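Notes to accompany the following structure.
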Amino acid sequence: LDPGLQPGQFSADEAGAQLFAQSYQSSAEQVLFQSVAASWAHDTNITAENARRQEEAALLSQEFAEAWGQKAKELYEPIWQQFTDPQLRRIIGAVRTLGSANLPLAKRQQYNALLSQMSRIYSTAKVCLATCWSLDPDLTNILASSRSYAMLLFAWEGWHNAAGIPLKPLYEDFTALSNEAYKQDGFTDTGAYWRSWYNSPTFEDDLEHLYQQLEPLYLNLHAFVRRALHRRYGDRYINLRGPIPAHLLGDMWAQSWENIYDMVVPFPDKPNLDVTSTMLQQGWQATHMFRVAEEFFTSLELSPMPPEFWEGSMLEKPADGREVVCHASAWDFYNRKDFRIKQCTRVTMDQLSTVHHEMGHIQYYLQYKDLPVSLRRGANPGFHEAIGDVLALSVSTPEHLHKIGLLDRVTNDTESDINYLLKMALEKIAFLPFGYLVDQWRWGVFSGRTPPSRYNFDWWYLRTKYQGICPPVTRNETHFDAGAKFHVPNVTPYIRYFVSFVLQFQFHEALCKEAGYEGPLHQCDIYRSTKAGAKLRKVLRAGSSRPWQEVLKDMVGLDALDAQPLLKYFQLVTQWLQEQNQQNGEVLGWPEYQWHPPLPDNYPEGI
Amino acid sequence: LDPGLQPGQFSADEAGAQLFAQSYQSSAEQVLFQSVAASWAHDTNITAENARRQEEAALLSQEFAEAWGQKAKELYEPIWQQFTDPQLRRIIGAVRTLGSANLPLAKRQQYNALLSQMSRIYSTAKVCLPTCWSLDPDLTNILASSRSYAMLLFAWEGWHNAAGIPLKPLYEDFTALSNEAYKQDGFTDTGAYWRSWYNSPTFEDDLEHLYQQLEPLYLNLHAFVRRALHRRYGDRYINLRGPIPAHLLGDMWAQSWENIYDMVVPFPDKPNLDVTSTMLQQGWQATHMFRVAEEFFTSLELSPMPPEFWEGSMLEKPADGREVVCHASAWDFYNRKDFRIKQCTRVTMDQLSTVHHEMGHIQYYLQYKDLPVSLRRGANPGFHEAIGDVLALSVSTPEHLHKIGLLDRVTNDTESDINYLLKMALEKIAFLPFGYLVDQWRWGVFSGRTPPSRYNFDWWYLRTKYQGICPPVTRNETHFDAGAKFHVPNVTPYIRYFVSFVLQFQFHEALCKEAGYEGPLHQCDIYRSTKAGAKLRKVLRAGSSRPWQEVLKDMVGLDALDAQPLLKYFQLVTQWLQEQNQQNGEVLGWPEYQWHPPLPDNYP
Ligand SMILES: *[C@@H]1O[C@H](CO[C@@H]2O[C@@H](C)[C@@H](O)[C@@H](O)[C@@H]2O)[C@@H](O[C@@H]2O[C@H](CO)[C@@H](O[C@@H]3O[C@H](CO)[C@@H](O)[C@H](O)[C@@H]3O)[C@H](O)[C@H]2NC(C)=O)[C@H](O)[C@H]1NC(C)=O
Ligand SMILES: O=C(NCC(=O)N1[C@@H](c2cccc(O)c2)CC[C@H]1C(=O)O)[C@@H](S)Cc1ccc(O)cc1
Ligand SMILES: O=C(NCC(=O)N1[C@@H](c2cccc(O)c2)CC[C@H]1C(=O)O)[C@@H](S)Cc1ccc(O)cc1
Ligand SMILES: *[C@@H]1O[C@H](CO)[C@@H](O[C@@H]2O[C@H](CO)[C@@H](O)[C@H](O)[C@H]2NC(C)=O)[C@H](O)[C@H]1NC(C)=O
Ligand SMILES: *[C@@H]1O[C@H](CO)[C@@H](O[C@@H]2O[C@H](CO)[C@@H](O)[C@H](O)[C@H]2NC(C)=O)[C@H](O)[C@H]1NC(C)=O
Ligand SMILES: *[C@@H]1O[C@H](CO[C@@H]2O[C@@H](C)[C@@H](O)[C@@H](O)[C@@H]2O)[C@@H](O)[C@H](O)[C@H]1NC(C)=O
Ligand SMILES: *[C@@H]1O[C@H](CO)[C@@H](O)[C@H](O)[C@H]1NC(C)=O
Ligand SMILES: *[C@@H]1O[C@H](CO)[C@@H](O)[C@H](O)[C@H]1NC(C)=O
Ligand SMILES: [Cl-]
Ligand SMILES: [Cl-]
Ligand SMILES: [Mg+2]
Ligand SMILES: [Mg+2]
Ligand SMILES: [Zn+2]
Ligand SMILES: [Zn+2]
């Protein structure tokens, strides 16, 4: 560790802890920058050399965390919990948790190399027929636009096999090292550490109670969609009393169903709410999508994207043959100047929403860039994930799409409302079981309830239990289907997205009220509301300086996650789907839980 | 409720609570008897009228528990936790727990009535062909001795459909009413009350730690047995890397595997350690089996069965066209006089072990009959289930079988040691996953984690997770396969049996040491050891007066459940099974977790 980065001496008291944090800040920024920079160089340009540099930067960060971490524990171990400065205790608590820096050097290197290798495997995996398809864009477009049961099966099986199988031995080793590291910080396992970020003793119970309120909406959406799939694929491939085959919902993970809207839209005579075709016809490109997102932010009197963002960001998949991490992400370099998005942007309506989601991260970074580095995070991780989604809820309204030239015809009638709320349900309600189950799986792995011998057995138990889907080909424990989802090998927690999908409707309700809007919640558009902007800004500028329950109370008037705003938003389609399913004699659920579809005749040769 | 059973006036202090407890347990003695008496009349003669009277008795019991529980909180609710007397603290907290008495009257009627109907459905269900077969003895005998895949399937599917499907709507109603009752006592759900019996903050974690030490033994036994089934039935019906079809292990629930011993016995040249054929050749009957078990108890200077036991017990299935609950059980009438067994006894070796198990209960009853009622229980429920099994461990040794004329003396060689420990593994190790998982299922139902919409989904998840078996025909949520196991509709907790199967080896080691034995633990016979009997008598007389942790430490030197004795008992066959599986290149476990066998051609 360079001497400029090493901790000096401080009194064993709060006024030294305060200078401890200021000195830490000075050094942490440099260490965070070199770490983020090395990660950027690798993720935009996957090479063995760039992985080596990233691993050395990770080792430097561990060295730093150990020195300041053990200094913080040498002096302030019994006094940091009683400091009068609230932000200072949050700063100290972060610095003192060592994580992977608890591992001996040899195990730190093993851990860093596992992360790099898992990232390379996921983001360079390919499905081959000579020619070979990548996940983004090749397989993504197949899952989204093909309606050939056999072609979709080929992409689904090929992807899950290519990505999952080689990751499994690495993921087992990572899990053991991660647990070893956080056990030295006092946590029973890594999942307990991840859950502690929400500072709620009843977190898991709170989430289950939320999901109990939301599940009836999912069950009815599921039964309605299953019926539409049955009319296209037939009784051989769709069981009206069984799980839906996991490759038929428009998405590799069946996590968002927006791409099958054309098959489920109840009133096709109304305006076409999937504006992808109009974007193509009009010649939209990636940079236009980002400029339109930015202008919504500035319409609220939030910050534009700085020059450093436009000069440094990767907004399209490189055409020079480089391998890149294509999963969309937003980057804070912790120098208060450099902020970037990395996205292999495609010209579609759902990608326009993803652009807003990522730019919402950037807006957060810009608003809290002047806080201490330890407080440059969301009030909780679900806050960070919800910011851009909240704006995108306004952007997706038919009225707003008309304003930006993507929907010529504009209607206000009950059929058009049902169409729109059904499309939004395919995006927001269909995701809820998946956003809930992923970390239930990983929590069980981290705790040891799910050993390697049950990785896939327990994954598919949860997939069927919550999503009501089944794998379209047989799987066994050689397969590692959880590994075929970006966040698992890239070790990004997932429960934040279930929290986000609830929270964003709480935010939307509050911002719409602040904007003076007095119509139906799902027709609200906060575009150009500077009052809504100022309320959102107060949240963003707080970072993690205050408990999220208090930040939420100031914003929405409640100190807890609450499903009622989401339920209110969807109320009309919730009632309509329930009526439709009853009239059609649907079975809610999948009581034939053991059913799987047969294989296509002449599979996989027809491909 | 009779005035003489309603509670009197008592001071609000520990001295008054001492008189309170005495007056409670003198009046409880009379109420319990009339409940047990009416249950007995029903289970040995299932009719609507005996159901009516058993329910009248249950309502009266709930009236009694109400009156005395409400008085107990009225007087002592804020002070009893501070009594110096630990036994009195035990009694009062119990009396303060009302259970189904917390229900309003109309719900009490409904709850009492669901129990009667679930019991009738399970014990009268039949499988009819294309004559009708009953579970005991007909289907039991088919599962134990048929080696026809299709016949075993017909019996397995027939039974699970006939019992499970009609029970499901009733079990849902029962679950809801049971949870409503015990929430009023402060339990999050009925499962939490059941678990509270073990007075351990870390019960579930401790069980999981026990199972982690036992699972390698089960996995090796499983893979060895799967290989033997593959040879018999073929690659069509057995997947060497997948779960075993659930009907092929000699038992309707695949819960113990001793009945396929003759298919997996490695050294069939050696003496047949299944002495069933000798029992029949010699003319054994139910009454002989009970007299032989009795004499083991008295050989230890424990009590004989009293005249009331022999006159009142039902030791054979009645042949007078009558319907009975055939599941074996042992009855305490809480009058210090009447103790009985109800068993549809068959002349087989595993039934001789079941006879000892049931007589274990009776011996317990006899040794604590003078205690005040609230203590007339095992230190915990697993203690009660373990007593007879411990003696049966001695009875099953080839040396003891030789003493009682059921085995021509065998040689103390290695092939006979392996043969024996394998047969015992089929009976004891194979049970461990099942004993563990049944109440995992039931706890999730009570907690709400498992709604009716996932009863069968979650049952088969657990059956595959723990036992590594699969249903031999497709199942869906119309089926209620948990309902096809006696203890579910008859609402008898199951974790006691996992506890018992670990505890009995701790008891066995303690008693063998106390007897002076010094050979291998699995060759010990405590027959006629009056010192062993004396140390066991102490446990039985303690009832539930002292915490089971203290009773246990007095007997075995340790205050907690421990798998080491079980591991020591089986050590030699654990090593041998490991070697056999490596030689055959077995995969341990069932990584093809999705696999199910195909149907037989033109079945049924
Ligand atoms: C689409 O249309 C709906 C429905 O409009 C209402 O019903 C129609 C059948 C006609 O009768 C319309 O004249 C009628 O407004 C619109 O929702 C409605 O918006 C208005 C605001 O413009 C709401 O009125 C307000 O209501 C509150 C009480 O909550 C008062 O405090 C306000 O002063 C004001 O009167 C009205 O409640 C609301 N109706 C419903 C059912 O939500 C909607 O605005 C419109 N959308 C677009 C994009 O044009
Ligand atoms: O979350 C991230 N993008 C979005 C995203 O992935 N999702 C969320 C979504 C997707 C699209 C539109 C939305 O309105 C929201 C929900 C689903 C979930 C999903 O797609 O699975 C990056 S910012 C997080 C990261 C990535 C790499 C890292 O190394 C570190 C962090
Ligand atoms: O346990 C009881 N018999 C034995 C028994 O069932 N088993 C235990 C066993 C079976 C055979 C031999 C043994 O060494 C032990 C373990 C499995 C388990 C099983 O067979 O599933 C009555 S005492 C239980 C009851 C009956 C009716 C009631 O109303 C209340 C309780
Ligand atoms: C991707 O990373 C590689 C390194 O892995 C870069 O290759 C270097 O390119 C520079 C040019 O600036 C050369 O001087 C070095 O010799 C190269 N190093 C190696 C090891 O080949 C490459 O430039 C990067 N690509 C992009 C577009 O940034
Ligand atoms: C069967 O033989 C074994 C040894 O082959 C006997 O075990 C020995 O028992 C004596 C005491 O009787 C001990 O001193 C030895 O240490 C034991 N040896 C082993 C290897 O355990 C066993 O007692 C014999 N049992 C019978 C019933 O004959
Ligand atoms: C449940 O199962 C019943 C019994 O048949 C089983 O399911 C059918 C579909 C076949 O696969 C058969 O081999 C199985 O044994 C069916 O009658 C019933 O329709 C099934 N579905 C429901 C909702 O109960
Ligand atoms: C798992 O499935 C694959 C392909 O279906 C197969 O090659 C493999 O043998 C199966 N079993 C195991 C144990 O891997
Ligand atoms: C069985 O019960 C019925 C009605 O309860 C009664 O009439 C009959 O005598 C009983 N049979 C025996 C054998 O006790
Ligand atoms: Cl998170
Ligand atoms: Cl129990
Ligand atoms: Mg799309
Ligand atoms: Mg048996
Ligand atoms: Zn994000
Ligand atoms: Zn018993």
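All ligand and atom numbering here is 1-based and tracks the order in the structure. Side chains included, hydrogens not; waters and symmetry mates left out as well; all remaining heavy atoms used. Protein chains get the first letters and strands the later ones, always in sequence-line order, with residue 1 at the start of each.
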field: B/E592 and ligand 7 - part of the residue with a heavy-atom distance under 4.0 Å
entry: side chain

Could you go through ligand 4 and note, for every N or O atom, any protein N or O atom closer than 3.5 angstrom, writing the atom names and distance to 0.1 Å, or 'none'?
from: ligand 4; atom 1: 2 (O); to: A/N45; atom 2: ND2; distance (Å): 2.3
from: ligand 4; atom 1: 2 (O); to: A/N50; atom 2: ND2; distance (Å): 3.1
from: ligand 4; atom 1: 5 (O); to: A/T47; atom 2: OG1; distance (Å): 2.7
from: ligand 4; atom 1: 25 (N); to: A/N45; atom 2: ND2; distance (Å): 2.9

message: Check this for me: does any side-chain nitrogen of one of B/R241 and B/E592 sit under 4.0 Å from a carboxylate oxygen of the other?
response: yes

field: Residues A/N456, A/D481; criterion side chain to side chain donor-acceptor pair (under 3.5 Å); working and verdict
entry: CA-CA 6 Å; A/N456 224 45; A/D481 292 332; 3.2 Å; yes

Ion pair B/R226/B/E586, N-O distance below 4.0 Å: no

field: Under 4.0 Å to a heavy atom of A/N476 - the qualifying atoms of ligand 7, by number
entry: 1 (C), 2 (O), 3 (C), 8 (C), 10 (C), 11 (N), 12 (C), 14 (O)

- request: Flag the pair A/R52 and A/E49 as a salt bridge only when some basic side-chain nitrogen lies within less than 4.0 angstrom of an acidic carboxylate oxygen.
  value: yes

task: Answer yes if the side chains of A/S329 and A/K342 hold a donor-acceptor pair under 3.5 Å, and no otherwise.
output: yes

- request: Go through the steps for A/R475 and A/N161 under the test side chain to side chain donor-acceptor pair (under 3.5 Å), then give the verdict.
  value: CA-CA 10 Å; A/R475 321 297 288 153; A/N161 291 347; 2.8 Å; yes

- prompt: Considering distance alone, does some N or O of A/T478 sit under 3.5 Å from an N or O of ligand 7?
  reply: yes

- request: Record the part of A/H479 in heavy-atom contact with ligand 7 below 4.0 Å; permitted values are side chain, backbone, both and neither.
  value: side chain

Short N-O contact, A/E323 and A/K126, less than 4.0 angstrom: yes

- prompt: So, A/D458 and B/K465, do they make that salt bridge, N to O below 4.0 Å?
  reply: no

field: Heavy-atom protein contact below 4.0 Å for atom 11 (N) of ligand 7
entry: yes

task: Return the option from A/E157, A/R475, B/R241 holding the heavy atom at the smallest distance from atom 13 (C) of ligand 7.
output: B/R241

- prompt: Are A/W441 and A/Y455 close enough that their ring centers fall under 6.0 Å?
  reply: yes

